[PDB]
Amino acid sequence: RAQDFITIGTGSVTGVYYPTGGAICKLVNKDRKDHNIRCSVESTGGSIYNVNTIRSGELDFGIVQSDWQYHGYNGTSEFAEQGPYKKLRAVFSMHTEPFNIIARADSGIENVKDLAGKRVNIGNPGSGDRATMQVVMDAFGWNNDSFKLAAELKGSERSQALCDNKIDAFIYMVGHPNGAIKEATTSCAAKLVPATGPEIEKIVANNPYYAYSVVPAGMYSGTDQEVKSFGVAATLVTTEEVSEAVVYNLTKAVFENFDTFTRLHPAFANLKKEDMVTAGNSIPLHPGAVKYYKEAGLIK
């Protein structure tokens, strides 16, 4: 854990986490001559890899879905074999990430229940995509054999596979707009498919980090009505092992430059400082973040 160099783990290069890490690092790096922190971004497999690799020491921060923030801390669900990681700390939360289904026009897939018996990219092993897909799979009584093909491509390979007719649909736990879904919809005629019904309703009712989501009509070519699903929040997490001064300066960089931050990616346009402190954060805030929030009056 260096005091003067930090690495943020994100996701595939055509998702939202990757440019989010870039935006955070830009706001840290602009004052590196003062606080001495150089911030670097890594593209990664996603939430699960990010938690595990903060733990093993190679990442200082990671962008992690609110459900895997909770389970990574507690050593539950996807993290059960790894055991608890009670040093994990929240920093702030960010944009909403719906459970998106992106299907071929000819796929016959009109809702989440239609994924069974199709070629479905359920997600790569390090991703929040695959881990939250397992939750959906649980709700339906599905296993990997419920699909004709349970493909595990990382995010930046999914649109090509869908358009090349190697899968009927891919799922993606991701904010909007993003490049992967823009490509599939605007260059290969894919559709965004809702996830509704009693199984999704149970998922939302039974968990505080799953809430109903809506993608508006016009977000993407060809999706001409709004699309309902459920969603999580993207969150920035770290470890107690990272120094309070480092987390303080990173948190201050984002919040004291909030009007700039919310101009850096269209997914950030409607963030609210107060919600960023609490929403989607179910584990202790890092003391360095708390220190800034108390200075700013966001925590009394």
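Throughout, we count residues from 1 along the sequence that is shown.
According to the PDB record, 29 to 37 carries the higher mean C-alpha B-factor of the two stretches 29 to 37 and 227 to 235. As recorded in the PDB entry, 104 to 112 is the stretch of 104 to 112 and 168 to 176 with the greater mean C-alpha temperature factor. Taking the PDB entry at face value, the top CA B factor among 127, 213, 186, 93 belongs to 186. Sort the modelled residues of the chain by CA B factor and residue 275 lands in the middle third. Sort the modelled residues of the chain by CA B factor and residue 47 lands in the lowest third.
In the deposited entry, the Cα temperature factor of residue 131 places it in the lowest third of its chain's modelled residues. Annotation for residue 143: C-alpha temperature factor in the highest third relative to the rest of the modelled chain, per the entry.
Compared with the other modelled residues of the chain, the Cα B-factor recorded for residue 64 ranks in the lowest third.
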